[PDB]
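K.L.:
The sequence shown runs 1 to 409, 437 to 637, 845 to 889, 900 to 1173, 1202 to 1451 under PDB author numbering. Shown below is the structure under consideration.
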Amino acid sequence: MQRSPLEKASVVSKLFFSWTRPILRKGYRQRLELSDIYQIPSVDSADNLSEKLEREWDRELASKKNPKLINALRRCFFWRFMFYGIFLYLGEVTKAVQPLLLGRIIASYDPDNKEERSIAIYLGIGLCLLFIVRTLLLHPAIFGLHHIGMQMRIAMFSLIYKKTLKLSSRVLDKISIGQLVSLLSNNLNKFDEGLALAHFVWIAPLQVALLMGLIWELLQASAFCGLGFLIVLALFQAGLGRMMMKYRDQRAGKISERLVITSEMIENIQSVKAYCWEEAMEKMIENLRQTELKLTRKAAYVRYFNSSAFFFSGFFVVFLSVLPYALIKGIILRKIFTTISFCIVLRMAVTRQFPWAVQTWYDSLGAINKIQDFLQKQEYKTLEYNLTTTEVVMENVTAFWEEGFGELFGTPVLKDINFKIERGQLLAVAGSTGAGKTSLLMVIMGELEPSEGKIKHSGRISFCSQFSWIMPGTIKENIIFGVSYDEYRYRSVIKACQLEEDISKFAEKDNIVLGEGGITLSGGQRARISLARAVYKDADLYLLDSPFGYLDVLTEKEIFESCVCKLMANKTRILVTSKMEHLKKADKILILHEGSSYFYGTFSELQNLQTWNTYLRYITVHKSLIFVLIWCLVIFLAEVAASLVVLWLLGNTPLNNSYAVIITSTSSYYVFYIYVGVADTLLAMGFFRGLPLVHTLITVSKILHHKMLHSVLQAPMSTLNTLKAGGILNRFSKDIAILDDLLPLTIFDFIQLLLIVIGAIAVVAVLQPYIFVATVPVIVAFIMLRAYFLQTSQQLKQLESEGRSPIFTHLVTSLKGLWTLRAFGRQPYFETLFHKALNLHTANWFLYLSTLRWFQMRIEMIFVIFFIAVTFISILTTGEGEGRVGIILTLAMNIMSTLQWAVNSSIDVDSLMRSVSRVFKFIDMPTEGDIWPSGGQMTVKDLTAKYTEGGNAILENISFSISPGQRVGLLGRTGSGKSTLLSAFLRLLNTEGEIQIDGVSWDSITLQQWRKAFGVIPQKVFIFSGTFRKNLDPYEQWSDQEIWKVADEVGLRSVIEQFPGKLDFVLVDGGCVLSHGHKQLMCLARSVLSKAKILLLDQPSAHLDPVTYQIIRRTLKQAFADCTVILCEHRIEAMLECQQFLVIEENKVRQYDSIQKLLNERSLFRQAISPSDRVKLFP
Ligand SMILES: Nc1ncnc2c1ncn2[C@@H]1O[C@H](COP(=O)(O)OP(=O)(O)OP(=O)(O)O)[C@@H](O)[C@H]1O
Ligand SMILES: Nc1ncnc2c1ncn2[C@@H]1O[C@H](COP(=O)(O)OP(=O)(O)OP(=O)(O)O)[C@@H](O)[C@H]1O
Ligand SMILES: CC(C)CCC[C@@H](C)[C@H]1CC[C@H]2[C@@H]3CC=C4C[C@@H](O)CC[C@]4(C)[C@H]3CC[C@]12C
Ligand SMILES: CC1(C)Cc2c(sc(NC(=O)c3cc[nH]n3)c2C(N)=O)C(C)(C)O1
Ligand SMILES: [Mg+2]
Ligand SMILES: [Mg+2]
């Protein structure tokens, strides 16, 4: 990491921006190098800006009665804000005095021997000094304001991330990820570039006042008559402004809902492919875009008029100003031209510098109000009493989930519970699915607050959750979790939890980079990592929320008899389980039922009791766009043609005529200048040209989004495991929102300005030849410098754009596994780990932003250097009568001002066109590519299974056969590959060989027609945000009578009726409202509905007790009558059902007929069988 070159630089280097020079010549030749990226300055790091504003915000909360975040921002930015403002004012004031000096220098060409001839050279010196001071005065202040804006945004982002870690469990149901992602995604680049525009609120009026006097000098009455039009027009723009911000708050609700559905489906696509929900998910996201794009088009139509009230305004402000003066006194051309030159600045001042400033003040204060509202929310309170005898006591506790019933006090999830726990003994928390075993642990931790009751234990606590959580990094970084490493401790934990088997099979033994959630690992490997993280942590109380769900009986007994009773057996460790073997060794038991203590005591008592290609693939998506652009061009040619014959007639005039005074001298070199100043309205796009162009460009972004979401869904599994969660979420959030909002209007201004310059040069050139030759040296200079800059700029804009993914990826896992962070107390780790993501983004963004003003300053310096050269060549070579050299040259240099503005607009288009480039990389991803399943007999031959292309083979030379309508058991040790065998049939991972069914093979049929044969219950359950009927069938094939008919057999009768809207209750936060057992029953009903003659069950019973498991065999015997069943399951009770058994080990299979034979070979596995389950197998 090289340190920032801004730190050690002369004022000249910081004034002329020479310190950014190295990376351009480095980036021009070569591809950009990671070494060449500079470390952020010490001023604008995450830590200090957090430090600074954190200190002010609590001072603000302490002092005032109703605090405001703007007051906290004021005390740390206001002086450095206003310091740049006064330079930006003087830099803008010097534009208004330019027509006074230049005006006379144009007038001095007139042969009528005026006094100007005399002063011209002094204006010549003065006007050169005038340009030099502005070029220096403006750009440092803009960079200064961008630099302050960047510091404000980093400070607020840091305060949101600290606030969200202390946020209440009550609030998490209300605020989804789409709320947080959208808030950051909106502000990320909009807030920084805004503070350049923000000052023109108070610059523009003083500018209007200063200009109105200078016009009042020329025209006494009419100038006010003109101004009235701009007051008339300014109120119309303010009307569009308030209209456009009411269309944006209707849409803002819709965007959040789209991101939560898009995130959820791509996070667990492996289920989405198994069920075959492509059309279902696409049609769902399609319906959310309908409302969004309706509001986008409406907000875009009002935005055009706001950005089209400057070009049209031009002609009418001058016309209404000169007309009244013309009728009474008469006018000289020298008076009309002067007015034109003042007018252009005034409109710039009042029609694109005033409506862009206020619009920035609304958005900034709106964004700050949402952040301030987000900071003032219900916090997770902590109340831990270190002083204790280490006796975990609970007495007379009740608890409700929601606020309403709890506050008004629906049945509470706990009531009338009480227990006493000495230090060095484990509690056996037992009961049926929906007893409140997770809820009890949530009360012990303090996530769920009890209405009536009291809890007390010491602050130190460990927590192994039911849904296992894996942060992004190495298995080591997961197991130790933000603390020092201890060789003796870490190794002893891994042998206790016995991951030694699973860790040794990996290529990189200890440390492999796991993704967001850890889908590289199976269910058993995640559970034991979560348990290892819990065990490696040291605390007074260990909470274990059923870690033996996904484990086989051999692993379950060894890990129980190796960790729970060996590694920790001198402390209070409440556990969740439902087996006799675990309750025997346990000292105290608590059997919950319907949120009530059925029993409490001991085991003995209980028995007693009972680039060109990017710019070309974006124009040829939609045919309307190419018709509209051709339609604009033919109308453009017509007005260029119309103006040419107007100026032909006007110039060729043979001229009491007070109306407009002209002489042979003045005529020739004012008539052309008048046209150049009024060529911004004549060659303007109307509501015939501008409307459809905006309409089509939004239609392009709708088509691009459809293709992108379509391509991501049907791409192969390897390409989707390669990329992160935040990388997916970044594009659909930020990159698709740029094609909807900014990019359609950014192209409009670029085309408008480009047409004005082309058409201006065209009419001037055809009528007077040498001005085209005069423009060419300045034209080539701008194109030269532009081509040079874009080589570095395009490479910085990709490192910066892809630099966003760290911030989002981190924000997902932070919010996803929030309960474990506060359990272990690892906020200081995650805050400092989050600061690195901001510093990374700042490092790239600051670099790109600073490179731009270099370009912005250099192109103005080029224009100044040429204008200085033109002015003295003009003034010095002026004849005794009628100097023609200056007449030709200054006309060109009036055009180059409009082109300078167009080149700056061109760089804003290329920066936004990067986004469309990054969308097209997702569109260009590879594709995975009588009655048929009558009986459902499978024949596998020479099968091989591996995830990565040319990696390690998980299964090797697999072959076996199932006869029709036969139930088949599948089993083996955790991490054997059982899922891989189920994924091999669906062929989600790439395989070799053939699996032929009912005498017909893979290659005979398409893949989507193939996957409709099977009926899947996956290991990881997927419940998207919607109604129960939407989850149970997205296609809406089955009736309510049908779904209610299924709902009783699998037993969601009592589950659904609990909630208000029966089959209309909108599930949230990935179905957090339902318990873990109900999610397994949800996937069962989903498979029961889909009548399939083959069906695949990946551990249907995960954390179901023996009572709930009767439903599984009830529905498996009755509903699945004739169809063949592959049952992948750990519990031995399930083996009584199915005939043939498939055992997996050593990357190969073995098939067995009877159970007696199979269990006979293996002794340790037969000795793991429960005594209650041993009397069933053997009679
Ligand atoms: N966030 C929540 N909001 C509202 N109700 C909830 C929430 N979480 C759980 N519940 C309800 O509380 C009851 C008990 O939940 P809990 O998860 O503690 O049961 P459990 O015994 O742990 O389930 P399982 O045996 O499947 O692990 C369930 O009926 C469930 O509907
Ligand atoms: N997506 C993947 N990419 C790479 N390797 C994988 C992937 N999924 C699984 N593996 C590897 O394959 C091994 C076995 O895979 P699989 O997920 O089928 O185990 P399993 O039998 O389902 O486990 P469990 O018994 O816990 O359900 C894992 O131990 C892991 O090393
Ligand atoms: C800083 C600004 C807002 C102050 C007010 C505007 C200034 C520019 C205005 C207010 C009064 C104006 C003056 C009013 C009358 C005359 C006399 C005339 O023969 C030459 C111009 C001159 C001298 C004007 C120059 C511009 C002027 C000085
Ligand atoms: C904002 C807007 C309504 C934009 C606008 C105008 S005026 C105008 N077009 C015309 O005059 C016109 C004439 C022929 N074809 N178009 C527009 C517009 N965008 O078309 C004004 C009034 C300044 O203000
Ligand atoms: Mg539970
Ligand atoms: Mg599995």
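Every residue gets a Cβ at the ideal spot worked out from N, C-alpha and C, and that includes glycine.
Quick one: using the 10 Å Cβ neighbour count with 16 as the cut-off for buried, is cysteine 590 buried or exposed?
P.N.:
Buried, by the Cβ-count rule.
K.L.:
Considering only their Cβ atoms, is the gap separating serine 1049 from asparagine 974 smaller than 8 Å?
P.N.:
yes
K.L.:
From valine 272 to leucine 387, what does the alpha carbon distance come to, in whole angstroms?
P.N.:
51 Å
K.L.:
How about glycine 1298 and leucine 1339: are their beta carbons less than 8 Å apart?
P.N.:
yes
K.L.:
Give the straight-line distance between the Cα atoms of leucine 581 and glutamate 1401, rounded to the nearest whole angstrom.
P.N.:
14 Å
K.L.:
Taking 6 Å as the limit, name every residue whose beta carbon sits nearer than that to some heavy atom of ligand 6, in sequence order.
P.N.:
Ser549, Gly550, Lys1250, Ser1251, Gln1291 and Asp1370
K.L.:
Using 8 Å as the threshold, is the C-beta distance between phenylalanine 630 and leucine 610 below it?
P.N.:
Using a Cβ distance threshold of 8 Å, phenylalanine 630 and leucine 610 count as a contacting pair.
K.L.:
Tell me the DSSP secondary structure of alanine 904 in three-state form.
P.N.:
coil
K.L.:
At what residue ranges does the stretch 344 to 398 contain a whole run of the alpha helix (DSSP H), taking only runs of 4 or more?
P.N.:
Qualifying alpha helix (DSSP H) stretches, in chain order: 355 to 375.
K.L.:
Relative to the alpha-carbon of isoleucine 121, which residue among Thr1122, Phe1450 and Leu1436 has its alpha-carbon at the smallest distance?
P.N.:
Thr1122
K.L.:
How many angstroms separate the CA atom of residue 1200 from the CA atom of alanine 46?
P.N.:
Note on the chain: numbering goes from 1173 to 1202 directly, and residue 1200 within that interval has no coordinates.
K.L.:
On the three-state DSSP scale, how would you describe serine 623?
P.N.:
strand
K.L.:
Hey, could you find the ends of the beta strand (DSSP E) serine 1233 is sitting in?
P.N.:
Where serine 1233 is concerned, the enclosing beta strand (DSSP E) starts and stops at 1227 to 1234.
K.L.:
Say the cut is 7 Å; is the CB of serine 1373 nearer than that to a heavy atom of ligand 8?
P.N.:
Absence of ligand 8 is noted for the structure shown, with ligand 1, ligand 2, ligand 3, ligand 4, ligand 5 and ligand 6 being the only ligands found.
K.L.:
Nearer than 7 Å: is that true of the beta carbon of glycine 239 relative to any heavy atom of ligand 4?
P.N.:
Taking non-hydrogen atoms of ligand 4 into account, the C-beta of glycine 239 is found less than 7 Å away from none of them.
K.L.:
In the DSSP assignment, what residue or residues form a beta bridge with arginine 1239?
P.N.:
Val1397
K.L.:
Mind the definition here: the stretch 301 to 309 touches the stretch 941 to 953 only if three or more C-beta pairs lie below 8 Å; say whether that holds.
P.N.:
no
K.L.:
Sort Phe1052, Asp567 and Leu61 by Cα distance to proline 499 and report the nearest one.
P.N.:
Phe1052
K.L.:
Could you tell me the distance, in whole angstroms, from the CA atom of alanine 1018 to the CA atom of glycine 124?
P.N.:
Here the C-alpha atom of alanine 1018 lies approximately 20 Å from the C-alpha atom of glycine 124.
K.L.:
Could you give the C-beta distance for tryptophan 216 and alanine 209, rounded to a whole number, given that I count them as a contact under 8 Å?
P.N.:
Not really, about 11 Å apart at Cβ, beyond 8 Å.
K.L.:
CB of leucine 571 to nearest heavy atom of ligand 1: below 7 Å?
P.N.:
no
K.L.:
How many Å lie between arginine 1434 and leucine 541 at the Cα?
P.N.:
34 Å
K.L.:
Could you check the C-alpha separation between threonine 1380 and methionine 245 for me, to the nearest Å?
P.N.:
54 Å
K.L.:
Beta carbon of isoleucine 546: closer than 7 Å to some heavy atom of ligand 2?
P.N.:
yes
K.L.:
Is it buried or exposed, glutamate 1314, if we count other Cβ atoms within 10 angstroms and call 16 or more buried?
P.N.:
By the neighbour-count rule (16 or more Cβ atoms within 10 Å), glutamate 1314 is not buried but exposed.
K.L.:
Does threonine 887 come out as helix, strand or coil in the three-state DSSP assignment?
P.N.:
coil
K.L.:
On the DSSP letters alone, give me the boundaries of the beta strand (DSSP E) that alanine 1217 sits inside.
P.N.:
1210 to 1217
K.L.:
Ligand 5 and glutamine 1352: does the residue's C-beta get closer than 7 Å to at least one heavy atom of that ligand?
P.N.:
no
K.L.:
Say the cut is 7 Å; is the CB of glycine 1003 nearer than that to a heavy atom of ligand 4?
P.N.:
no
K.L.:
Between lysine 166 and the rest of its own chain, which residues show a CB-CB distance below 6 Å, the 5 nearest in sequence each way excluded?
P.N.:
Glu379 and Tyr380
K.L.:
For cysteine 276, which of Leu1279, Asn1083, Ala357 and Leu101 has the nearest alpha-carbon?
P.N.:
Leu1279
K.L.:
What would DSSP say about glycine 628, mapped onto helix, strand or coil?
P.N.:
strand
K.L.:
Taking contact to mean at least 3 C-beta pairs separated by less than 8 Å, is the stretch 138 to 152 in contact with the stretch 1027 to 1046?
P.N.:
no
K.L.:
Just list the alpha helix (DSSP H) runs in the stretch 193 to 248, keeping only unbroken ones of 4 residues or longer that don't cross its boundaries, in chain order.
P.N.:
Runs of the alpha helix (DSSP H) inside the stretch 193 to 248: 200 to 218 and 222 to 244.
K.L.:
Please name the residue or residues paired with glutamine 1423 in a DSSP beta bridge.
P.N.:
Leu1414
K.L.:
Shorter than 7 Å, the distance from the beta carbon of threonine 460 to the closest heavy atom of ligand 1, or not?
P.N.:
Yes; taking the cut-off as 7 Å, the Cβ of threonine 460 has a heavy atom of ligand 1 nearer than that.
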